[PDB]
Structures are given as structure tokens and as C-alpha cells.
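Below, in C-alpha cells: the form deposited in one PDB entry, a single chain.
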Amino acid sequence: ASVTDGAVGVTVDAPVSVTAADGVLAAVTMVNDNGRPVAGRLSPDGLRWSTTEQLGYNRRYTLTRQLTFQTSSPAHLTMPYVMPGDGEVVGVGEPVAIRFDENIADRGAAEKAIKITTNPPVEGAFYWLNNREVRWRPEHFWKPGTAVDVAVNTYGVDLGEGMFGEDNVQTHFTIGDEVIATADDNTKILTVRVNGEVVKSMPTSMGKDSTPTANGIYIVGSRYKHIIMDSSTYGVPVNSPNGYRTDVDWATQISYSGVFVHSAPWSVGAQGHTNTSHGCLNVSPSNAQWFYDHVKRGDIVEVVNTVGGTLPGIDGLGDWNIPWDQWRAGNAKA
């Protein structure tokens, strides 16, 4: 008796179950609304029947007892979008990210509606970057070869203030080799390591003392063969002292705040010696092209020993700078 006859606002995120005791079944069915299309092909085993098919918004359904009831009529719907993409191979730093097209009032319900399955299994937890986007990651970087399945079962879920999930989404992806590039201001060398071994060293020029490159762990985001770096997009006006408008080749993004690894033919002499940029990691055109071709989304850039502070944990690509105890405690709830 999972629903009462006459009931309204019956939620469609849960199945509709019936149960005996002491007894046996049946003879159980449900119909129909639309439409009249019939039930969820039943189920085993001895003492209980459940829906298979998932129910629509704003329907009557008919279900010894007979039960007629009506499902939720949401005031607002929000669509989730999940990254990374289906079938993608990403680096060891890639969090699962679920972005909604609305601000979510009930973060707890949204987290409960998301099911993440890892093989091999590893513990992880959710943390919100803003009102729209939540991330999930383990305590340490992913083990290479790990397979991940993400089921965002937001359809029928009440997400607070009359807002419901518009659909369910899913992704399955894989973790590739461990790729970690360290930019060390002591040597002005960017070293790329694959599973712990050096495969490439590149002289770099990082942010100058007044606009330094923040230290910390950065996640590789998108890459661009050519792009116009415009400071205004990162809050700083082009005609101001630290402003700029610069055509750049082979640009790999590592922070939403605007740090890239990219081709910097103008600072080749300074690379390895002097920091000249506004925060970017300048390298040679061929080292940048190499980076662009070989480093993938979710790979790691670690910057150490600069005169800067630390990249913010909520940059967008700075997730790994939040200590685990804090990340794990979360910010869905007190």
C-alpha cells in the first residue's frame, strides 16, 4: 500500500510498490493516463510488485484494494547536464560535474538523486562550486584505468521551492594514465611526468611579481589551437594597467580565472629565467603544441614555489585545493 486512493502530488522518482503479509498475489496492475498506456511489466518474487516503467508528470493512474491517484504537477523544471562526456577518457584529476540550469534550493535532494559507481570502488563525496554546479571526487587522484558510471536520477525529484528535475541523464567514462606536470618557480621548468616518470621538460615564464601565478593544483580543462586572450573576460579591463588582448597559439586552460599553458614566442629568452606574464605559463611554440597534443582533460598541473598565494578551491578547476575533510563534509547541509 505505497500510495493512498485519492492521493495527489504522488512523486514519480520512486516506484509504486504493493505489499502482502500474510498472503500472496495476484493479479496486480496499473493503468494508464495519457493515453491509457498500461503498467510497468510487473515483478518478482513472493510478496511484492513494483513498477518498471517510470511515471509522467500530471497523470491519473489506477491500481483486495483499488487505488486511484495523481502525480506531481511541478511549478518549475530544471535540466541537469553531466560531465565528463559519455565514452570519454579523462585524466586523474577529473571530478564528476553535474550542472543544473537553475539554482538548486535543496542540495541534499539533488545529491541523493545522483548515483555514482566506480570500478575499482573508491570513496568520494560531493561539493558545490556554486548554486548550479556540484562536483564529486575521491580523496586522492583517481587510479588510472578506473571506470565510472554516473546516473543523475533527477526525474520526479523535488529539488525544493516547487522545482523538479526535468529528466535523467547518465555518463560512463574512464580514467587514463596519470599525467602530472609540475611548474616549479625554483627552476622555471615545467616537468611532465607519466605514472611518476619524466617524459618532457619545458622552460617556462610564469606570472611576474605583481601578477604572479598562484601555487596549487590545477585541473586541465579545454584546449584551443588559437585563441584571443582578453583580460576583460576575467574581470580586468583591457585598457587598465594589468589588462591585455593577446592572440595565442596552442592554449590549454588550467583555471577559470584565466591561467593557460600556451605558446609565447615573445618570452622565449625569459623562459627558464624570468617571470614576465600576467599569470599564464608561457612556453615555447613547440612545447606548447606538444602540451596541447599530449595533455588531456583532467590531467594535472601543479604550480609550486611562486611568490603568489594559492588557487581558490572554487575557481572551477581548483577542486583539489580544498582539503579532504572539508570537501567530504560538503556544503549541501550544515
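Numbering starts at 1 and runs along the sequence shown. We call the rigid core whatever largest set of C-alpha positions still superposes within 1.5 Å between the two forms.
As for the form deposited with a small molecule bound, it is not shown, yet the points below apply to it.
A.B. asks: Report the stretch among 140 to 148, 176 to 184, 241 to 249, 196 to 204 that approaches the small molecule in the bound PDB entry to within 4.5 Å, counting heavy atoms only.
C.D. replies: Result of the contact check: 241 to 249.
A.B. asks: Would residue 57 show up as a contact with the small molecule in the bound PDB entry if we use heavy atoms at 4.5 Å?
C.D. replies: The answer is no: residue 57 has no heavy atom within 4.5 Å of the small molecule.
A.B. asks: Given that the small molecule is not shown alongside this chain, does residue 277 nevertheless sit within 4.5 Å of it in the bound PDB entry, heavy atom to heavy atom?
C.D. replies: Residue 277: contacts the small molecule in the bound PDB entry.
A.B. asks: With the cut-off set at 4.5 Å between non-hydrogen atoms, does residue 260 touch the small molecule in the bound PDB entry?
C.D. replies: Answer yes; at least one heavy atom of residue 260 falls within 4.5 Å of the small molecule in the bound PDB entry.
A.B. asks: Can you check whether residue 229 is within 4.5 Å of the small molecule in the bound PDB entry, heavy atom basis?
C.D. replies: Result yes; residue 229 sits at the interface with the small molecule in the bound PDB entry.
A.B. asks: To test your reading of the superposition: with the rigid core aligned, which of 309, 269, 35, 285 moves its Cα by 2 angstroms or more between this form and the one not shown?
C.D. replies: Once the cores are aligned, the residue moving by 2 Å or more is 35.
A.B. asks: Taking the rigid core as the frame, does residue 325 move its C-alpha by 2 Å or more between this form and the one not shown?
C.D. replies: The answer is no, as the C-alpha of residue 325 shifts between this form and the one not shown by less than 2 Å after core alignment.
A.B. asks: Using the rigid core as the reference frame, would you say residue 241 shifts its C-alpha by 2 Å or more between this form and the one not shown?
C.D. replies: The answer is yes, as the C-alpha of residue 241 shifts between this form and the one not shown by 2 Å or more after core alignment.
A.B. asks: Taking the rigid core as reference, does residue 300 move its C-alpha 2 Å or further between this form and the one not shown?
C.D. replies: No, the C-alpha moves less than 2 Å.
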